[PDB]
Structures are given as C-alpha cells and as structure tokens.
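To keep things clear, I will list the structure first and then write my remarks on it.
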Amino acid sequence: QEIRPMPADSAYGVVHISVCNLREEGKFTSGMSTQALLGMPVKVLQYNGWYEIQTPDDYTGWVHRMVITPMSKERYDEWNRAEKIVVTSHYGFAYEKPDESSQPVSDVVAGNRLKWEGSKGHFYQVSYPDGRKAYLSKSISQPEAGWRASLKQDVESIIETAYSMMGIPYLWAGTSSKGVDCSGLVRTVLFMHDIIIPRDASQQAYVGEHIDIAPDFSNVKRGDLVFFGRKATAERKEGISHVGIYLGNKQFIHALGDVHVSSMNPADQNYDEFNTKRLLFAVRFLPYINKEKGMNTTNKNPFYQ
Amino acid sequence: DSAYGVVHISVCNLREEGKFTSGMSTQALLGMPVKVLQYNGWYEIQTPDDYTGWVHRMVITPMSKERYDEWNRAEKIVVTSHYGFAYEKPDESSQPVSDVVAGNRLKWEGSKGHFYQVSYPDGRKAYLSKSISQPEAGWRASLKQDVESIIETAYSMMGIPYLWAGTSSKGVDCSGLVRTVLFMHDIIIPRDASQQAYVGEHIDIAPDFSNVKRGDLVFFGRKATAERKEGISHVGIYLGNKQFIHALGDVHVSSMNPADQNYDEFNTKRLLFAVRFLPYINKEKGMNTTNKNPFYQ
Ligand SMILES: [Cl-]
Ligand SMILES: [Cl-]
C-alpha cells in the first residue's frame, strides 16, 4: 500500500517485542537508525508495507508490520494509563507460568514495560500490547509506581548503571541492553532512570549547558557528556562524531567496539589518543531534564500522557 | 599482516563493507575463531561457516597461527544459557566484565565458589556462574544432537526479536534462527537461506505432508519459471502437523493448515519444498560440528 497519514484507528501504536529495529526506509536492506522497546508508545505516520513511526524522543524510522500494535488514540491512552511492571534487569524472559522453567513468551530487556495484571508467588502477571499474557520474576522487575518512588537520578546512580553495561557490544543504532552505539549507550542508561534526551550524538551535543573545556579540565565534571569530532572551520561547520559520559580525572565511559572506559591523560594505560585529539567540548545536561524541550521524563513526556 | 583472529565480544556484527553505514550480513560469537583476510581500517574476516564480512578493528584479537592454535586447543567453558554476564569476582553482584550469550566460549582457567574462572582472547579475566555455563568436555559428554532437542531449543527462543542478519540469542533472522539454535548443539550449516535450501536431502512435499518430518527445514519463495531459477525467500523448522517455527517479526509458530488459527497464508502460498539436513552433518562441505570443523582444528 501507500497509506499517509494513517486513519485515526491506526494513528498510534505500542511496541510489542523486547527491542524493535527502526530503519531509514521500509526495508531490511536499509540501515538501522534507532530502536524502541516493549511497551513503548509511538505515533504511526504512514504505511507502505512497513510502518513509519515516531518514538517519544521525536525520532522517526521504519519498522516491519508485525512488530507494533497499531491502535486508536483511545486504546493508546488506555495502554499508557495502566500501571506497568517495569523491567529493571538488563536481560530476562517472561514466561507462560509463574515458573522460570516454563515455556517462555518472550525475552525482555531493561526498560521494557508491560501492563500489570496481578501477582502470583514470586512473579507479576503481565500482559502485552497485542494481548499475550505472561509472568515476570519479581527479581528482574517491579511495579511502576514504587519504581518511580525509589528512583535515583543523581550522577552517581547514572554512572553505576553505565558501569553495569561494561563490555556490552557496540551495535550501530543500538538502543538497548542488547547492544549500543555511542549515543545509544547514553540513551539506554538514561532510560533506566526514566530520562529521554535526543537520539543522535549531533543533537545531544547541543542540549543543556555548553562547557568550553579548560586546558586543565577543571571545569568539566563527572556526569557531563564529552563530544568528539571535526572542529569548525571558516569553510565548514563542526561535525560531531562521538560521545561519552565523563567520569572525572580525564576518564570517560563510551561505546566503541564495546562499552569501555578510556582516558584523555597520555600517561594512562587506557589512553585513547584518537578521540582525545578530536575532543571538542562537554555538555552538562542532567540539571535541565524537564527544563528544556527534548529532555524529559516519561511521567511528563507527551507521548506517555 | 595478521591472518587469524578470535572474536572477543559476546556478539560481533559483520557488515557487507568496512563501514557502519553498510548492511549487517551475519554475526559471530565470543571465542569463535576467524580468518583475517584484509585490513583497511576494518578487518575483513571469514567465520567457520565460510561466510565473509567486515568488522571494526576493535572487536577481534588478531593472532599468529601458533597463538590461534593454542586458543583452539585450550579447554573452554561453553555458555549454555541464552543470556548472562561474566564478572570480575565470583559474585553476580560484582563488577561485570561483559555480557555473554549462548554459544560463547571462553578459556577455562579454574574455579572459585560456584563459578568457573575464565579468560578472554584479549586477556581479560572473569568468572562465569556454573548455572549458565559448562566445561567443554562435559558439554560434549552430554551433547544432544537429535531433532527433538533441536526443536526444544527453538521453542526456548519463543518471542525473541527478528533482527536482519541476527545470528545470536539476542535477535535472529530466518536463517539465523536455524544457525543460532544449531550452534547450541555444536552444528554449523551455511549462513544464507539460499544455500541452506540445497543441503542434505530435498523433500518434494506430498499433499498430506506425510513425507515431511520434524526437524526438516521448510523453504518459501518464488517458484522457478521457464526463464528464471527459483528464489529462496524464507526458511522455517518443521514441527509436524503442518506447523513450523520461524523468525518473522519475532520467533513464533505458524501453520500451513488453513483451518488452524495460526495459519500463515502468505508463506503457505509461497511454500516451495523441505530439506532433511540433520543426517548429513559432517558429510558435506559447509555442514559440520566444531570438533571436525577445520577452523577449530
Ligand atoms: Cl556495529
Ligand atoms: Cl530487523
């Protein structure tokens, strides 16, 4: 077909697999551009055999027909209003029975959110956007209201979550615990703390407070983002090629090959000469969550309300 | 310079060309031996299924032939659960070293508590819980390579996402589901559906499906014409009673019986034939087990 825009009964959707793969065009032979998660609300923009969708970070891309559940605004609103079970562990499964030896229904990853239906033993009974029923261990998940109540969004808590992803593979366009790109590591960590910021490194580079890094690095702080790339010239604007999370003491955690810690101190064993020489600036963003457009929490984000 | 290597991340992503903006073509696993064909900033590699593609320089450990051979001779710890992590200490609350997926193999160095001490190709040291892994000798001494066990493994992947070129427990494509399942049973077959279609024994499906058996592959696509050869588009694993398990959106079970609620009309209409392959492991170039495959020997 070529349906654009979508009819009202199919203008909205919810992702119903653990991690779905958005591509630049509606075909497998197009590059992946981002990913969305189980239970995540989306807008459905058009259909040509694949759906073009918009995720809550305003990013757009294309997914196969079978991986989202399209729906009316009314049904989308019902999904969003139901208290969720929030997956907090990186990896696990949901099961047919309250027993991890039973038939799985699907994998889950951190940030996956399913409708809470009940509880049985050491499990939450849950349902998927498509109507599947399952059980999730209380050891890898928890009810959304209590999750929010206990949620920490300080820099140290955020860095701990980044450290929990040590060695996970780099994957281009990767935006989940399964695999991450440079900007996707940032997003995957933040989403585990209920925070959404822009998807691409080139957009993350212009959020919050710009920090012109001092020669001694004294004005860059743990929790800032550090950006790398091609410096602006008279004839050409700057190009952002890479991002990491600053750790203090010239160290930073990032996704390149895998998630790892590097240094900008030439004396350190983990010195990353290539990126250090391409260092551009830092950004301090955490103070401005819900204070500028494009940076928000899911309790405030308009896709969720 | 380097002609050999070993993958040192859980799952690496091979692409058509040496750049991120080229399509993924297959994936390889932690501890898997590879041949290194060239370097242009990225490495062109060949995986043990004889498939080639490109990976970022940081994701494999290039080695001399002697070091490659030593890696291969080292007894491994084999990861048997779909997902987990290896840790800095024998404690799942300690700092992780990396994620792991089923089929990952690391060098066995010892044990502490209920954990194997392991090492990576690049030299990292870690601990893997005995609850998600098994020593290679014991793995081989308990190996299941029958149809029923292979189907059980496929069922254990229910609902996992479809991922184009996906070849691990994280996400699989149609042919990748077949490969991912089979590697958990020590079996390697060709990577692409268009090659899988011509292995083993070709089954010309009877109208009652009576000559198709559990564990056969079913192939879907475009029928040959007078002017044009057949095109293989899709593959699934036959479960009997006209059902098959496959990766399309996610891993799920479909039927070729129009009466069934899980009838898949699109694919049923495109059914071409089935293939009985399991009897022919180690009997044709490109189908083998890792104890016979020359990459490992
Ligand atoms: Cl990649
Ligand atoms: Cl995909």
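In the structure tokens, each chain is lettered A, B, ... as it comes, each chain's residues begin at 1, and ligands are numbered from 1 in order of appearance.
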Contacts with ligand 1 at most 6 Å, only C-alpha atoms and all ligand atoms counted, listed as a VMD selection string
(chain A and resid 170 to 172) or (chain B and resid 13 20)
Please return as an NGL selection string the residues found within 10 Å of ligand 2, counting only C-alpha atoms and all ligand atoms.
(:A and (19-23 or 27-32 or 35 or 62-64 or 67)) or (:B and (161-166 or 171-173 or 248-250))
Give me the residues near range 127-131 of chain B as a JSON list (two decimals) with C-alpha atoms, in the first residue's frame, where near means some atom within 12 Å (using only C-alpha atoms) and where sequence neighbours in that chain fewer than 6 positions away do not count.
```json
[["chain", "number", "residue", "atom", "x", "y", "z"],
["B", 76, "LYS", "CA", 36.69, -23.97, 27.06],
["B", 77, "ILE", "CA", 33.82, -23.06, 29.28],
["B", 78, "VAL", "CA", 30.76, -23.11, 26.99],
["B", 79, "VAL", "CA", 27.89, -20.70, 27.73],
["B", 80, "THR", "CA", 24.68, -22.73, 27.72],
["B", 81, "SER", "CA", 22.01, -20.23, 28.89],
["B", 82, "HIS", "CA", 20.75, -17.61, 26.38],
["B", 83, "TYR", "CA", 21.87, -14.58, 28.40],
["B", 84, "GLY", "CA", 24.10, -13.62, 31.29],
["B", 85, "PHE", "CA", 27.27, -11.82, 32.34],
["B", 86, "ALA", "CA", 30.85, -12.73, 33.32],
["B", 87, "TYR", "CA", 32.08, -10.90, 36.42],
["B", 88, "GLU", "CA", 35.30, -9.59, 37.96],
["B", 89, "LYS", "CA", 34.69, -11.68, 41.10],
["B", 90, "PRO", "CA", 32.86, -14.98, 41.73],
["B", 91, "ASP", "CA", 29.74, -12.98, 42.68],
["B", 92, "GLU", "CA", 26.94, -11.81, 40.38],
["B", 93, "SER", "CA", 26.80, -8.54, 42.40],
["B", 94, "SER", "CA", 30.40, -7.67, 41.47],
["B", 95, "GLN", "CA", 31.52, -5.50, 38.51],
["B", 96, "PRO", "CA", 30.71, -7.14, 35.19],
["B", 97, "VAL", "CA", 33.34, -7.76, 32.53],
["B", 98, "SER", "CA", 30.89, -8.36, 29.72],
["B", 99, "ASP", "CA", 27.60, -9.85, 28.79],
["B", 100, "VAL", "CA", 27.57, -13.37, 27.41],
["B", 101, "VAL", "CA", 25.16, -15.30, 25.17],
["B", 104, "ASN", "CA", 30.11, -18.05, 23.65],
["B", 105, "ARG", "CA", 33.23, -19.97, 24.64],
["B", 106, "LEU", "CA", 35.96, -18.74, 26.95],
["B", 107, "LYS", "CA", 39.26, -20.31, 28.09],
["B", 108, "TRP", "CA", 38.79, -22.30, 31.31],
["B", 109, "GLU", "CA", 41.33, -21.23, 33.95],
["B", 110, "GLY", "CA", 39.93, -22.76, 37.17],
["B", 111, "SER", "CA", 37.06, -22.32, 39.62],
["B", 112, "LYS", "CA", 36.01, -20.36, 42.74],
["B", 113, "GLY", "CA", 32.75, -20.87, 44.60],
["B", 114, "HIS", "CA", 30.02, -21.89, 42.13],
["B", 115, "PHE", "CA", 31.82, -20.13, 39.22],
["B", 116, "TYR", "CA", 34.38, -21.03, 36.55],
["B", 117, "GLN", "CA", 37.35, -18.76, 36.28],
["B", 118, "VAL", "CA", 37.74, -17.86, 32.62],
["B", 119, "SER", "CA", 39.84, -15.74, 30.29],
["B", 120, "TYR", "CA", 39.04, -13.85, 27.08]]
```
Within 12 Å of residue 294 in chain A, counting only C-alpha atoms, which residues qualify if same-chain residues fewer than 4 places away don't, as a list in words?
residues 56, 57, 58, 59, 195, 196, 197, 198, 199, 200, 203, 204, 206, 207, 208, 285, 288, 289, 290, 298, 300, 301 and 302 of chain A
Produce a file of the selected residues containing C-alpha atoms, as a compact mmCIF listing (two decimals), in the first residue's frame.
```txt
# COMPACT_ATOMS: atom_id res chain seq x y z
CA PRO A 56 8.95 9.57 22.26
CA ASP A 57 12.31 11.29 21.56
CA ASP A 58 10.67 12.62 18.33
CA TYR A 59 12.91 10.40 16.21
CA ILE A 195 15.00 10.00 31.25
CA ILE A 196 14.70 10.72 27.48
CA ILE A 197 17.04 13.06 25.57
CA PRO A 198 17.61 13.38 21.82
CA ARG A 199 18.75 10.23 19.99
CA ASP A 200 21.68 11.28 17.81
CA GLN A 203 21.59 16.52 18.72
CA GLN A 204 22.84 15.54 22.19
CA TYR A 206 23.50 20.97 21.68
CA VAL A 207 21.35 20.22 24.75
CA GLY A 208 21.83 21.69 28.24
CA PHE A 285 22.61 18.17 30.83
CA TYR A 288 17.95 20.59 32.74
CA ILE A 289 15.82 17.44 32.48
CA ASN A 290 12.17 18.61 32.09
CA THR A 298 8.27 9.57 30.93
CA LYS A 300 5.97 14.32 31.72
CA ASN A 301 6.61 13.28 28.09
CA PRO A 302 3.52 13.95 25.88
```
Counting only C-alpha atoms, what is within 6 Å of range 108-123 of chain A, bar same-chain residues fewer than 6 positions away, as a PyMOL selection string?
chain A and resi 18+37-39+84-93+98+135-138+192
Store the residues of this selection in a file with N, CA and C atoms, as a PDB file, in the first residue's frame.
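As written to disk, selection-v1.pdb reads:
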```pdb
ATOM      1  N   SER A  18      10.553  -7.195  22.568  1.00  0.00           N
ATOM      2  CA  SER A  18      11.526  -6.625  23.529  1.00  0.00           C
ATOM      3  C   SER A  18      12.231  -5.374  23.004  1.00  0.00           C
ATOM      4  N   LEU A  37      11.429   0.007  22.507  1.00  0.00           N
ATOM      5  CA  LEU A  37      11.310  -1.077  23.488  1.00  0.00           C
ATOM      6  C   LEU A  37       9.877  -1.521  23.712  1.00  0.00           C
ATOM      7  N   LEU A  38       9.734  -2.768  24.129  1.00  0.00           N
ATOM      8  CA  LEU A  38       8.454  -3.362  24.517  1.00  0.00           C
ATOM      9  C   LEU A  38       7.687  -2.416  25.445  1.00  0.00           C
ATOM     10  N   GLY A  39       6.445  -2.125  25.062  1.00  0.00           N
ATOM     11  CA  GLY A  39       5.538  -1.282  25.854  1.00  0.00           C
ATOM     12  C   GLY A  39       5.640   0.193  25.560  1.00  0.00           C
ATOM     13  N   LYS A  84       2.308  -0.108  35.001  1.00  0.00           N
ATOM     14  CA  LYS A  84       3.164  -1.075  34.337  1.00  0.00           C
ATOM     15  C   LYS A  84       3.957  -1.884  35.364  1.00  0.00           C
ATOM     16  N   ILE A  85       4.428  -3.039  34.910  1.00  0.00           N
ATOM     17  CA  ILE A  85       5.615  -3.671  35.508  1.00  0.00           C
ATOM     18  C   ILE A  85       6.782  -3.214  34.627  1.00  0.00           C
ATOM     19  N   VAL A  86       7.793  -2.641  35.271  1.00  0.00           N
ATOM     20  CA  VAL A  86       8.976  -2.108  34.624  1.00  0.00           C
ATOM     21  C   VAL A  86      10.128  -3.129  34.795  1.00  0.00           C
ATOM     22  N   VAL A  87      10.697  -3.561  33.673  1.00  0.00           N
ATOM     23  CA  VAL A  87      11.885  -4.429  33.730  1.00  0.00           C
ATOM     24  C   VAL A  87      13.122  -3.589  34.094  1.00  0.00           C
ATOM     25  N   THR A  88      13.814  -4.016  35.152  1.00  0.00           N
ATOM     26  CA  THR A  88      14.959  -3.291  35.729  1.00  0.00           C
ATOM     27  C   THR A  88      16.290  -3.987  35.505  1.00  0.00           C
ATOM     28  N   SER A  89      16.266  -5.296  35.276  1.00  0.00           N
ATOM     29  CA  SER A  89      17.482  -6.051  34.967  1.00  0.00           C
ATOM     30  C   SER A  89      17.763  -5.955  33.474  1.00  0.00           C
ATOM     31  N   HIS A  90      19.032  -6.042  33.075  1.00  0.00           N
ATOM     32  CA  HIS A  90      19.341  -5.966  31.636  1.00  0.00           C
ATOM     33  C   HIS A  90      18.612  -6.990  30.778  1.00  0.00           C
ATOM     34  N   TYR A  91      18.670  -8.256  31.200  1.00  0.00           N
ATOM     35  CA  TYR A  91      18.137  -9.373  30.436  1.00  0.00           C
ATOM     36  C   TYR A  91      17.271 -10.309  31.302  1.00  0.00           C
ATOM     37  N   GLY A  92      16.297 -10.940  30.645  1.00  0.00           N
ATOM     38  CA  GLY A  92      15.486 -11.986  31.216  1.00  0.00           C
ATOM     39  C   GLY A  92      14.467 -12.464  30.202  1.00  0.00           C
ATOM     40  N   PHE A  93      13.525 -13.247  30.702  1.00  0.00           N
ATOM     41  CA  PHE A  93      12.350 -13.724  29.952  1.00  0.00           C
ATOM     42  C   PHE A  93      11.063 -13.506  30.750  1.00  0.00           C
ATOM     43  N   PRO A  98       3.980 -18.900  36.273  1.00  0.00           N
ATOM     44  CA  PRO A  98       4.899 -18.334  37.283  1.00  0.00           C
ATOM     45  C   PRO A  98       6.001 -19.341  37.695  1.00  0.00           C
ATOM     46  N   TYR A 135       4.186 -14.070  32.831  1.00  0.00           N
ATOM     47  CA  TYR A 135       4.681 -13.832  34.191  1.00  0.00           C
ATOM     48  C   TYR A 135       6.122 -13.384  34.127  1.00  0.00           C
ATOM     49  N   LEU A 136       6.445 -12.381  34.940  1.00  0.00           N
ATOM     50  CA  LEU A 136       7.782 -11.868  35.108  1.00  0.00           C
ATOM     51  C   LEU A 136       8.223 -12.014  36.547  1.00  0.00           C
ATOM     52  N   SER A 137       9.426 -12.546  36.743  1.00  0.00           N
ATOM     53  CA  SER A 137      10.025 -12.639  38.075  1.00  0.00           C
ATOM     54  C   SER A 137      10.141 -11.255  38.766  1.00  0.00           C
ATOM     55  N   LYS A 138       9.769 -11.220  40.039  1.00  0.00           N
ATOM     56  CA  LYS A 138       9.924 -10.011  40.868  1.00  0.00           C
ATOM     57  C   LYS A 138      11.385  -9.648  41.028  1.00  0.00           C
ATOM     58  N   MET A 192      16.804   3.767  31.768  1.00  0.00           N
ATOM     59  CA  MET A 192      16.752   3.024  33.022  1.00  0.00           C
ATOM     60  C   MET A 192      16.559   3.908  34.284  1.00  0.00           C
TER      61      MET A 192
END
```
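Minimum atom-to-atom distance to chain B, evaluated using only C-alpha atoms, belongs to A:181 out of A:2, A:181, A:238, A:9.
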Please identify every residue of chain A that has at least one atom no more than 6 Å from any atom of chain B, counting only C-alpha atoms, and report them as a PyMOL selection string.
chain A and resi 66-67+105-107+166-168+257
From a DSSP pass on the backbone, collect the residues of range 37-272 of chain B flagged as helix (DSSP H, G or I) and hand them back as a PyMOL selection string.
chain B and resi 57-59+65-73+136-141+147-155+174-183+193-196+265-269
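For the residues A:225, A:214, A:3, A:165, ranking by smallest atom-to-atom distance to residue 258 in chain A using only C-alpha atoms places A:165 first.
Among the candidate residues A:174, A:237, A:299, A:12, the one lying nearest to residue 187 in chain A is A:174, with distances computed using only C-alpha atoms.
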Which polymer residues have any atom within 12 Å of an atom of residue 214 in chain B, counting only C-alpha atoms, with same-chain residues fewer than 6 positions away left out, as a PDB file with N, CA, C and O atoms, in the first residue's frame?
```
ATOM      1  N   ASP B 146      19.855 -34.513  18.416  1.00  0.00           N
ATOM      2  CA  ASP B 146      18.683 -35.118  17.810  1.00  0.00           C
ATOM      3  C   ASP B 146      17.670 -34.016  17.483  1.00  0.00           C
ATOM      4  O   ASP B 146      17.728 -32.924  18.039  1.00  0.00           O
ATOM      5  N   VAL B 147      16.719 -34.360  16.622  1.00  0.00           N
ATOM      6  CA  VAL B 147      15.670 -33.449  16.191  1.00  0.00           C
ATOM      7  C   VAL B 147      14.867 -32.877  17.362  1.00  0.00           C
ATOM      8  O   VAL B 147      14.582 -31.684  17.395  1.00  0.00           O
ATOM      9  N   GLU B 148      14.472 -33.723  18.312  1.00  0.00           N
ATOM     10  CA  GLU B 148      13.595 -33.276  19.385  1.00  0.00           C
ATOM     11  C   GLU B 148      14.239 -32.188  20.233  1.00  0.00           C
ATOM     12  O   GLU B 148      13.627 -31.164  20.548  1.00  0.00           O
ATOM     13  N   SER B 149      15.510 -32.378  20.542  1.00  0.00           N
ATOM     14  CA  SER B 149      16.277 -31.442  21.383  1.00  0.00           C
ATOM     15  C   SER B 149      16.462 -30.131  20.648  1.00  0.00           C
ATOM     16  O   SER B 149      16.377 -29.063  21.223  1.00  0.00           O
ATOM     17  N   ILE B 150      16.734 -30.222  19.351  1.00  0.00           N
ATOM     18  CA  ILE B 150      16.897 -29.025  18.488  1.00  0.00           C
ATOM     19  C   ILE B 150      15.578 -28.220  18.471  1.00  0.00           C
ATOM     20  O   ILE B 150      15.590 -26.967  18.607  1.00  0.00           O
ATOM     21  N   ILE B 151      14.437 -28.920  18.358  1.00  0.00           N
ATOM     22  CA  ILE B 151      13.132 -28.243  18.425  1.00  0.00           C
ATOM     23  C   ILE B 151      12.928 -27.607  19.795  1.00  0.00           C
ATOM     24  O   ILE B 151      12.402 -26.485  19.868  1.00  0.00           O
ATOM     25  N   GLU B 152      13.331 -28.293  20.879  1.00  0.00           N
ATOM     26  CA  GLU B 152      13.178 -27.718  22.220  1.00  0.00           C
ATOM     27  C   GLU B 152      13.955 -26.416  22.327  1.00  0.00           C
ATOM     28  O   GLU B 152      13.468 -25.428  22.910  1.00  0.00           O
ATOM     29  N   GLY B 236      11.896 -21.957   7.645  1.00  0.00           N
ATOM     30  CA  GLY B 236      11.473 -22.308   8.999  1.00  0.00           C
ATOM     31  C   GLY B 236      11.829 -23.754   9.327  1.00  0.00           C
ATOM     32  O   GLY B 236      12.339 -24.512   8.476  1.00  0.00           O
ATOM     33  N   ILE B 237      11.620 -24.148  10.584  1.00  0.00           N
ATOM     34  CA  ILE B 237      11.878 -25.525  11.021  1.00  0.00           C
ATOM     35  C   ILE B 237      10.545 -26.223  11.225  1.00  0.00           C
ATOM     36  O   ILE B 237       9.671 -25.722  11.951  1.00  0.00           O
ATOM     37  N   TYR B 238      10.405 -27.385  10.595  1.00  0.00           N
ATOM     38  CA  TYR B 238       9.160 -28.126  10.564  1.00  0.00           C
ATOM     39  C   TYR B 238       8.956 -28.823  11.897  1.00  0.00           C
ATOM     40  O   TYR B 238       9.877 -29.469  12.432  1.00  0.00           O
ATOM     41  N   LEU B 239       7.735 -28.704  12.407  1.00  0.00           N
ATOM     42  CA  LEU B 239       7.363 -29.243  13.715  1.00  0.00           C
ATOM     43  C   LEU B 239       6.379 -30.399  13.658  1.00  0.00           C
ATOM     44  O   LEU B 239       5.972 -30.916  14.718  1.00  0.00           O
ATOM     45  N   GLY B 240       5.994 -30.835  12.454  1.00  0.00           N
ATOM     46  CA  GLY B 240       4.942 -31.830  12.303  1.00  0.00           C
ATOM     47  C   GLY B 240       3.563 -31.190  12.309  1.00  0.00           C
ATOM     48  O   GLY B 240       3.389 -30.042  12.716  1.00  0.00           O
ATOM     49  N   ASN B 241       2.583 -31.947  11.847  1.00  0.00           N
ATOM     50  CA  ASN B 241       1.193 -31.463  11.796  1.00  0.00           C
ATOM     51  C   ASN B 241       1.038 -30.125  11.121  1.00  0.00           C
ATOM     52  O   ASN B 241       0.226 -29.272  11.565  1.00  0.00           O
ATOM     53  N   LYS B 242       1.815 -29.949  10.064  1.00  0.00           N
ATOM     54  CA  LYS B 242       1.787 -28.752   9.227  1.00  0.00           C
ATOM     55  C   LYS B 242       2.203 -27.437   9.934  1.00  0.00           C
ATOM     56  O   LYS B 242       1.986 -26.372   9.383  1.00  0.00           O
ATOM     57  N   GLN B 243       2.850 -27.544  11.094  1.00  0.00           N
ATOM     58  CA  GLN B 243       3.347 -26.377  11.824  1.00  0.00           C
ATOM     59  C   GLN B 243       4.823 -26.200  11.616  1.00  0.00           C
ATOM     60  O   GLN B 243       5.573 -27.163  11.408  1.00  0.00           O
ATOM     61  N   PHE B 244       5.248 -24.944  11.728  1.00  0.00           N
ATOM     62  CA  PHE B 244       6.650 -24.619  11.647  1.00  0.00           C
ATOM     63  C   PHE B 244       6.987 -23.457  12.566  1.00  0.00           C
ATOM     64  O   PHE B 244       6.170 -22.562  12.797  1.00  0.00           O
ATOM     65  N   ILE B 245       8.226 -23.447  13.048  1.00  0.00           N
ATOM     66  CA  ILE B 245       8.729 -22.344  13.835  1.00  0.00           C
ATOM     67  C   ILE B 245       9.711 -21.541  12.969  1.00  0.00           C
ATOM     68  O   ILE B 245      10.507 -22.096  12.201  1.00  0.00           O
ATOM     69  N   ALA B 274      10.824 -28.963   1.246  1.00  0.00           N
ATOM     70  CA  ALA B 274      11.504 -29.163   2.544  1.00  0.00           C
ATOM     71  C   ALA B 274      12.858 -29.807   2.301  1.00  0.00           C
ATOM     72  O   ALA B 274      13.147 -30.266   1.186  1.00  0.00           O
ATOM     73  N   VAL B 275      13.722 -29.747   3.317  1.00  0.00           N
ATOM     74  CA  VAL B 275      15.062 -30.314   3.250  1.00  0.00           C
ATOM     75  C   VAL B 275      15.328 -31.074   4.547  1.00  0.00           C
ATOM     76  O   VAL B 275      15.161 -30.541   5.652  1.00  0.00           O
ATOM     77  N   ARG B 276      15.781 -32.317   4.409  1.00  0.00           N
ATOM     78  CA  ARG B 276      16.222 -33.131   5.553  1.00  0.00           C
ATOM     79  C   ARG B 276      17.744 -33.032   5.602  1.00  0.00           C
ATOM     80  O   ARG B 276      18.442 -33.530   4.699  1.00  0.00           O
ATOM     81  N   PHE B 277      18.239 -32.311   6.595  1.00  0.00           N
ATOM     82  CA  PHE B 277      19.675 -31.970   6.670  1.00  0.00           C
ATOM     83  C   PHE B 277      20.443 -32.680   7.800  1.00  0.00           C
ATOM     84  O   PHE B 277      21.626 -32.957   7.632  1.00  0.00           O
ATOM     85  N   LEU B 278      19.783 -32.997   8.925  1.00  0.00           N
ATOM     86  CA  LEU B 278      20.484 -33.470  10.116  1.00  0.00           C
ATOM     87  C   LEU B 278      21.285 -34.764   9.893  1.00  0.00           C
ATOM     88  O   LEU B 278      22.360 -34.922  10.455  1.00  0.00           O
TER      89      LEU B 278
END
```
Set the distance at 12 Å and use only C-alpha atoms: which residues neighbour range 261-272 of chain A once local chain neighbours fewer than 5 positions away are removed? I'd like the list as a list in words.
residues 159, 162, 163, 165, 166, 167, 215, 216, 217, 226, 228, 244, 245, 246, 247, 248, 249, 250, 251, 252, 253, 254, 255, 256, 277, 278 and 279 of chain A; 97 of chain B
So which one's closest to residue 168 in chain B, B:230, B:102, B:289, B:36? Using only C-alpha atoms, please.
B:102
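Here CA of residue 191 in chain A stands at a distance of 12.4 Å from CA of residue 148 in chain A.
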DSSP says strand (DSSP E or B) for which residues of range 89-295 of chain A? Put them as a VMD selection string?
chain A and resid 91 to 95 104 to 109 113 to 120 123 to 127 133 to 137 141 to 143 169 to 170 175 to 176 179 to 180 195 to 196 209 to 211 225 to 230 239 to 248 251 to 256 258 to 263 271 279 to 284 292 295
